[PDB]
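Reminder, nothing fancy here: chain letters follow the sequence lines and each chain counts from 1.
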Amino acid sequence: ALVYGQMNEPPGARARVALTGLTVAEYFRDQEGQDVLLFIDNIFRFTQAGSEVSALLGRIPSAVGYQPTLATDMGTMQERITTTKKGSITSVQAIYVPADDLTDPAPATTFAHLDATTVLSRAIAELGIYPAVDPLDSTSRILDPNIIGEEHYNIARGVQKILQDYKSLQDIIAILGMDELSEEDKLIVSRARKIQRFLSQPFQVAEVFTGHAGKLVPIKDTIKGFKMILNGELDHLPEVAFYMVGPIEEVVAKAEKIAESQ
Amino acid sequence: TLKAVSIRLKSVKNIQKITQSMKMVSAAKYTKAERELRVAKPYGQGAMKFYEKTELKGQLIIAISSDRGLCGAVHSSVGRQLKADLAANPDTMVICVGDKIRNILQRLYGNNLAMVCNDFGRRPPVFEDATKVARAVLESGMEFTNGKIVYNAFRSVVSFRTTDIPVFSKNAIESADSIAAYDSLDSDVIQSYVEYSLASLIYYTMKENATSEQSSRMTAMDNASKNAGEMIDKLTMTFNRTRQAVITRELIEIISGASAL
Amino acid sequence: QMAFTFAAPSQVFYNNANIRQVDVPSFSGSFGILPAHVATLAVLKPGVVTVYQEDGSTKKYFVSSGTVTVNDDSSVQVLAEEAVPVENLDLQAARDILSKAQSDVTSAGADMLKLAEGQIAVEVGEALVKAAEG
Amino acid sequence: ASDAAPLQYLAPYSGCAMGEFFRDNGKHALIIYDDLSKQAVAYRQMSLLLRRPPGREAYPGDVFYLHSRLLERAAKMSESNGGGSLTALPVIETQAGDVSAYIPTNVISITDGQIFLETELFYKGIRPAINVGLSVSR
Amino acid sequence: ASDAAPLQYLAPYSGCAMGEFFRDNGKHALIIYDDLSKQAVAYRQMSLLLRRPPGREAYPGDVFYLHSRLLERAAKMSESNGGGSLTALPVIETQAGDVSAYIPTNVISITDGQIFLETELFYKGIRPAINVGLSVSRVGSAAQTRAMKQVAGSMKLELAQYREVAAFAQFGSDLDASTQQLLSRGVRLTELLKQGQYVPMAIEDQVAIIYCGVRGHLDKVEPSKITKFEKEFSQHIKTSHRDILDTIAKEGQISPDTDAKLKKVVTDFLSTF
Amino acid sequence: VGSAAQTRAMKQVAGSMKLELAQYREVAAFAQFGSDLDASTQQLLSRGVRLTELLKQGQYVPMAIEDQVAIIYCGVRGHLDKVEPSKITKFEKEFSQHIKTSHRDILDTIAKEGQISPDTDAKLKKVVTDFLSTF
Amino acid sequence: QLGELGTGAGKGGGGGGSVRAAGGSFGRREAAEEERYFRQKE
């Protein structure tokens with residue numbers, strides 16, 4: 001469902017349209033018992049509209065020109081997005097950072113409510129990996145071995161550490177070459193490129209623009225698949241077999257098809 | 001002010017870009033130079049083995065440097081060791097390869113400088129340049145009994161040591177105590193062997209000096225890029241604080257003017 | 001037990017490797033080396049240094065100049081200007097340089113220095129002719 | 001965060017009164033204000049909506065007295081007053097590790113020492129990311 | 001500037017309504033606001049003198065609403081609405097490159113892309129002084145012809161690679177052959193984009209000259225003679241090889257057969273040139 | 001106001017000083033990493049260093065215009081290139097005393113002329129060299 | 001005290017690139033190496 005508070009609307013309409021979409025999502029949570037998704041785009045324009053409304057009302061602005069009620073205006077909206085005993089509302093909010101300043105009052109107030117972070121990097125997209133989520137810059141508060149599990153946490157930390165080692169070794173490879181630490185760093189760079197390919201995934205909503213059928217990977221298939229790459233159980237497969245395939249069974253099936261076609 | 005921080009942040013950002021570019025170039029040269037040093041080190045071990053076996057103990061001084069400066073503490077510390085030679089052998093003529101050593105040492109001991117080689121450093125050191133220096137020592141006719149070569153040894157990636165390799169003359173070789181144990185010695189054999197052992201020691205130092213110089217320049221640009229990166233981060237936070245303070249202060253002035261009406 | 005340090009500005013061949021026999025063409029005569037040799041030193045000349053290791057393997061290394069030193073501790077330090085195996089050499093190229101050297105000798109005339117250079121290249125060319133055709 | 005700014009302003013003093021019950025009755029209490037930087041934001045909202053003159057970072061001039069009158073009630077009492085005590089652990093959130101900002105410098109001048117937590121140490125896996133050289137206990 | 005502040009505030013809305021006449025009648029209009037910075041100053045003057053509450057930089061709280069309700073009227077109408085269009089080119093003057101100032105921040109948020117101009121690039125000879133790395137177009141290559149999209153995609157990729165290794169090109173002469181090729185190609189493409197004033201060129205001329213840039217046809221020529229090559233080779237293909245231009249116009253792209261014909265024409269011309 | 005606010009003797013020596021300080025400003029940066037310098041450049045660097053130490057002055061001791069002109073004239077004509085900068089102040093007191101009770105005719109000559117003639121310039125240079133020999 | 005070259009644009013001595021406009025000591029280094037080269041040439 002869309003609510004579309006447009007830019008050519010007065011600041012009162014743009015300040016309240018996040019509450020309008022939140023009200024629709026609250027019905028699906030309370031009166032249906034669902035886990036609802038709420039998309040706010042943009043959360044900075046919600047802050048910007050509230051600053052314009054307070055300026056119109058004659059209130060004295062706070063630091064960096066924002067409204068004096070900035071934390072309360074954000075807090076009143078963001079505290080309705082939670083899990084209740086009926087259902088939940090999960091909010092994915094597009095974020096604009098003014099002047100590339102994370103200490104600005106608008107992102108600093110927004111970051112106090114976030115439980116995760118999904119960074120879409122154009123550098124990942126230039127490598128052909130879609131979705132272009134940065135594997136290291138994307139964070140989450142629930143990435144702890146008490147909310148998601150011990151195997152989930154250990155595999156995620158191992159994947160992050162492998163990719164951090166790849167980033168630290170990329171300049172060494174660029175200067176000297178692939179010949180480094182015999183076959184130890186060669187094993188690390190081989191696994192890390194397999195990790196980067198296996199993070200890519202075809203999407204069902206884009207299956208008519210790309211031709212690849214989309215995949216919906218369950219969480220256990222993801223953990224099992226990345227555990228296999230981390231354990232080195234698939235070192236005999238090409239890195240192309242890990243690209244744009246959801247499950248790890250798709251990887252070995254694609255590698256078999258390559259071996260049969262070769 | 002906000003303009004002063006913005007100007008300084010722009011300058012430090014350009015400094016980091018230059019030093020990162022210099023670090024990549026100097027790492028490429030160091031990788032190539034260490035690759036050839038991996039084979040040209042036992043070449044100097046075999047050349048110095050004879051002088052080690054004779055145990056001859058010590059004029060002329062060979063200084064190895066380059067016209068390319070700002071590689072760290074190479075020419076400064078080598079010249080400092082050369083200054084210690086000027087306080088130990090004030091009457092020793094010195095043959096320099098590089099203008100930087102000439103610049104440092106001309107003010108102190110311009111009366112004890114034999115010759116200074118220039119237009120060197122940009123090209124990699126090969127044997128022909130070593131033979132050019134070797135022919136320069138011979139045909140000049142300058143008297144020398146003992147001697148040494150000043151060069152930057154390659155201890156590690158971040159550490160370089162300034163040592164000296166002793167170089168003797170044909171006349172000193174004939175007068176050696178343990179040279180009687182070596183046979184088949186006449187004038188022409190000793191003369192040709194000495195003037196080729198000299199061109200093998202000079203080639204060994206030139207490979208050691210080039211690798212040590214590129215390694216020092218690589219780690220100096222690496223330190224400069226890290227320090228410029230840290231200074232960028234602190235100046236960015238200072239710029240963000242100053243930008244926010246300017247906006248807040250300007251608005252309070254407007255509010256105070258509006259409320260006073 | 002004979003430590004071999006045959007190196008070059010271009011390549012490196014042996015580093016303290018036990019060799020049964022190395023025959024060296026020097027200015028003091030094209031003599032040969034066995035372990036615990038005579039303490040001496042000599043100047044290389046254009047010729048075919050040969051290597052005969054502990055397995056009896058025969059390897060031919062033509063050089064253009066250099067130095068040869070044998071110390072009292074059975075340590076052999078042969079350093080040569082450009083040591084290459086002779087298999088990557090051409091006898092036709094050897095005679096081409098030799099004919100070019102002969103032209104330099106004939107066209108030297110009163111240029112005694114150029115006459116010496118022609119003689120030097122004649123010695124190198126004749127050395128390679130025997131090297132490549134053998 | 002959904003509550004009104006006067007409620008967030010009042011809550012440190014309400015909890016302090018509940019802790020001062022134990023202090024004045026011979027018992028010992030520990031109180032944590034998590035966090036006083038958000039209470040200063042709530043008080044700045046109340047001050048700006050009351051047309052009071054903003055100062056540094058639009059804060060009112062009595063934002064120091066806001067925290068000073070609160071934290072000074074945390075004290076160790078003598079044996080003639082029962083011997084009780086109240087211990088305060090205020091929390092202050094900085095921006096990019098800036099302890100030289102207005103509000104954290106006010107609380108540092110009030111409290112008896114600070115425990116500084118580093119983002120750089122926290123990224124490296126050091127938990128708790130306590131800066132040993134920058135942590136003071138007066 | 002001699003006109004009153006209400007007249008300067010009302011002029012963009014008056015011109016927009018004149019352009020909306022063409023939009024609603026099935027025609028296509030282009031509107032230039034030169035410039036919206038001074039219109040916001042005029043609106044700020046009226047608001048401050050009407051005792052309206054000032055905000056950041058003394059601008060009123062509805063100055064974003066002032067420019068958004070103006071610039072949202074530039075639309076591409078549907079075919080059931082006549083198929084007309086209205087294209088807006090607002091102009092914003094920034095102070096010392098501060099695009100984070102209040103009025104430039106608003107108009108950047110409203111618009112569908114920016115064309116950044118720098119004085120540093122202006123005096124380097126880059127005219128028009130467009131910063132390629134900063135200027136965006138959110139509609140992307142959907143607003144280009146098939147021939148232009150074919151060649152500008154490779155030009156954008158090559159110019160991005162040139163800006164990555166632009167630090168080495170300042171001093172580095174003993175680099176690898178690939179890096180030297182990347183910097184030499186980017187110099188040709190940077191010199192290619194330079195254009196004089198009051199002389200716009202047709203899309204066929206633009207595609208042809210940047211086709212020669214990205215296909216290596218300019219790697220053998222000096223950058224100082226690129227402009228002379230741009231005009232003279234255009235004459236050489238406008239009245240001597242018109243059949244190739246006919247095939248490109250008929251098919252809307254450059255086939256490999258037409259690519260080979262253009263390669264022979266360039267090689268023959270560069271022999272003469 | 002410029003040179004119109006200076007007397008004729010001061011204007012003659014401050015104009016030459018402003019040129020020499022400009023030349024010294026061009027060559028004062030060489031102490032950062034330079035090691036070998038030209039002989040004329042070294043003389044410019046030495047004279048400008050003397051001039052920078054000449055502009056230093058203690059508190060509560062203002063000196064007369066004739067003393068300022070004479071000291072600046074010695075500074076810009078190379079009369080202090082052979083003197084270490086640490087002893088410039090001692091020279092500034094003692095040499096001014098020497099030309100006060102003994103060469104007061106020269107001071108009267110400069111006061112009546114109002115500027116520095118080449119003959120008076122030669123006379124002052126000879127007194128400087130005589131004083132430096134006695135120094 | 002003379003406004004040494006490279007100490008800052010508008011700060012007494014400087015004018016030029018970003019380093020020279022920022023001043024400090026790197027602008028002094030830029031002015032030192034440049035003036036040394038052109039004094040050697042003359």
Checklist entry - Take atom CD in C:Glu82; do more than 12 heavy atoms of anything else shown fall under 6.0 Å from it? => result no
Checklist entry - Mind checking whether B:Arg80 and B:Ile104 have side chains closer than 4.5 Å, heavy atoms only? => result no
Item to check | Non-neighbouring partners of B:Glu208 that pass salt bridge (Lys or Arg N to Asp or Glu O under 4.0 Å), sequence neighbours left out | outcome: none
Next on the checklist: Does E:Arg163 have more than 12 heavy atoms from other residues, nucleotides or ligands lying within 6.0 Å of its CZ?
Outcome noted: yes
Checklist entry - Are any side-chain N or O atoms of B:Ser140 and backbone N or O atoms of B:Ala136, one a donor and one an acceptor, separated by less than 3.5 Å? => result yes
Checklist entry - Can you check salt bridge (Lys or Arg N to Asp or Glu O under 4.0 Å) on B:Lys226 and B:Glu230, steps first, answer last? => result CA-CA 6 Å; B:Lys226 287 179 182 177; B:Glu230 289 183 347; over 6 Å; no
Next on the checklist: Keeping C:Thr67 on the side-chain end and C:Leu79 on the backbone end, is there a donor-acceptor pair under 3.5 Å?
Outcome noted: no
Checklist entry - Ignoring hydrogens and geometry, is there a side-chain-to-backbone donor-acceptor pair from B:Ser216 to B:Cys71 under 3.5 Å? => result yes
Item to check | Smallest separation among heavy atoms of B:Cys96 and B:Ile101, with atom names | outcome: SG-CG2, 3.7 Å
Checklist entry - So does B:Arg123 have more than 12 non-hydrogen atoms from other groups sitting under 6.0 Å from CZ? => result yes
Item to check | Between CD on residue G:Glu35 and CD on residue G:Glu30, distance to nearest 0.5 Å | outcome: 9.5 Å
Next on the checklist: With side-chain hydrogen bond (donor to acceptor under 3.5 Å, both in side chains) as the test, pick out the partner of B:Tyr151 among B:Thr205, B:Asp164, B:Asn209, B:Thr163.
Outcome noted: B:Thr163
Item to check | B:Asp222: side chain to side chain donor-acceptor pair (under 3.5 Å) partners, not counting sequence neighbours | outcome: none
Checklist outcome for this item: For A:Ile175 and B:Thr31, the nearest pair of non-hydrogen atoms, with its separation, is CG2-OG1, 3.7 Å
Item to check | Any B:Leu198 side-chain heavy atom under 4.5 Å of B:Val194 side chain | outcome: no
Checklist entry - Of all residues at least two apart in sequence or in a different chain, which pass the side chain to side chain donor-acceptor pair (under 3.5 Å) check with B:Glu36? => result B:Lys207
Checklist entry - Do side-chain atoms of B:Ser215 reach the backbone of B:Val157 as a donor and acceptor pair under 3.5 angstrom? => result yes
Checklist entry - Should we count CD of E:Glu118 as having more than 12 external heavy atoms under 6.0 Å? => result yes
Next on the checklist: Can you tell me how far apart CG (G:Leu2) and CD (F:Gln23) are? Round to the nearest 0.5 Å.
Outcome noted: 12.0 Å
Checklist entry - When rounded to the nearest 0.5 angstrom, what is the spacing between CG in A:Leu181 and CG in A:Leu169? => result 8.0 Å
Checklist entry - Under 3.5 Å, side chain of B:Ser212 to main-chain N/O of B:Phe154, donor-acceptor pair present? => result yes
Checklist entry - Out of curiosity, A:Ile188 CD1 to A:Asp165 CG, how far, rounded to the nearest 0.5 Å? => result 5.0 Å
Checklist entry - Shortest non-hydrogen contact from F:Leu44 to F:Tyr24? => result O-CD1, 4.0 Å
Checklist entry - Any idea which heavy atoms bring G:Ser18 and B:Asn14 closest together, and the distance? => result OG-ND2, 3.1 Å
Checklist entry - Any donor and acceptor pair, going by atom type alone, linking the side chain of A:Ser190 with main-chain N or O of A:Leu187 inside 3.5 Å? => result yes
Item to check | Nearest-0.5 Å distance that lies between atom CD1 in B:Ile15 and atom OG in B:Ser225 | outcome: 10.5 Å
Item to check | Residue pair B:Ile62 / B:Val167, side-chain heavy-atom distance below 4.5 Å | outcome: no
Checklist entry - Do NZ/NE/NH1/NH2 and the carboxylate oxygens of B:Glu128 and B:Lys132 come within less than 4.0 Å? => result no
Checklist entry - Has the side chain of G:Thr7 got a donor or acceptor atom that lies under 3.5 Å from a matching backbone atom of G:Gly23? => result no
Checklist entry - So, B:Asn227 side chain and B:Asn223 main chain: donor-acceptor pair closer than 3.5 Å or not? => result yes
Checklist entry - Got E:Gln181 and E:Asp219 here, is their nearest side-chain heavy-atom distance under 4.5 Å? => result yes
Item to check | With B:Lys29 via side chain to side chain donor-acceptor pair (under 3.5 Å) - residues at least two apart | outcome: none
Item to check | Test item: B:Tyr196 and C:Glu81 side chains (from C-beta on) under 4.5 Å apart, heavy atoms | outcome: yes
Item to check | Candidate pair E:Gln170 and B:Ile18, rule side chain to side chain contact (heavy atoms under 4.5 Å, CB included), full reasoning | outcome: CA-CA 9 Å; E:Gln170 297 173 344; B:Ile18 296 303; 3.3 Å; yes
Item to check | Contacts of type side chain to side chain donor-acceptor pair (under 3.5 Å), residue E:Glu191, not counting sequence neighbours | outcome: E:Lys194
Next on the checklist: If you define the side chain from C-beta out and look only at heavy atoms, does anything of C:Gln11 sit under 4.5 Å from B:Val39?
Outcome noted: no
Item to check | Separation between NE2 of B:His75 and CG of B:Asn103, rounded to the nearest 0.5 Å | outcome: 10.5 Å
Next on the checklist: side chain to side chain contact (heavy atoms under 4.5 Å, CB included), that's the test. Do B:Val133 and B:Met206 meet it? Break it down for me.
Outcome noted: CA-CA 11 Å; B:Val133 185; B:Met206 278 183 176; 4.0 Å; yes
Item to check | Full working for side chain to side chain contact (heavy atoms under 4.5 Å, CB included) between A:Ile173 and A:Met178 | outcome: CA-CA 5 Å; A:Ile173 292 173; A:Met178 291 295 302; 3.7 Å; yes
Quick one: side chains of residues 171-178 of chain E, donor-acceptor pairs under 3.5 Å with protein atoms, not counting sequence neighbours, listed by atom name and distance.
| residue | atom | partner | partner atom | Å |
| --- | --- | --- | --- | --- |
| E:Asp176 | OD1 | E:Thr179 | OG1 | 2.8 |
| E:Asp176 | OD2 | E:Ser178 | OG | 2.7 |
| E:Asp176 | OD2 | E:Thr179 | OG1 | 2.9 |

Checklist entry - Would you call E:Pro223 and E:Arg188 a side-chain contact if the rule is heavy atoms closer than 4.5 Å? => result yes
Checklist entry - Within the distance-only criterion (no hydrogens, no angle test), does the side chain of B:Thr92 pair as donor or acceptor with the backbone N or O of B:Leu60 below 3.5 angstrom? => result no
Next on the checklist: Please find the pair of heavy atoms, one from A:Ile124 and one from A:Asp134, that lie closest to each other, and give the distance.
Outcome noted: CG1-CA, 4.2 Å
Item to check | Closest non-hydrogen atom pair, F:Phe30 against G:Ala32 | outcome: CE2-O, 3.6 Å
Next on the checklist: Are the side chains of A:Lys186 and A:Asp179 in contact, using a 4.5 Å heavy-atom criterion?
Outcome noted: yes
Next on the checklist: Using 30° and 60° as the class boundaries, would you call the ring planes of B:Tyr203 and B:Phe127 parallel, tilted or perpendicular?
Outcome noted: tilted
Checklist entry - Any sub-3.5 Å donor-acceptor pair from B:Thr19's side-chain atoms to B:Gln16's backbone N or O? => result yes
Checklist entry - Please walk me through it: do B:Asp67 and B:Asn118 pass side chain to side chain contact (heavy atoms under 4.5 Å, CB included)? => result CA-CA 7 Å; B:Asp67 292 8; B:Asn118 302 132; 3.9 Å; yes
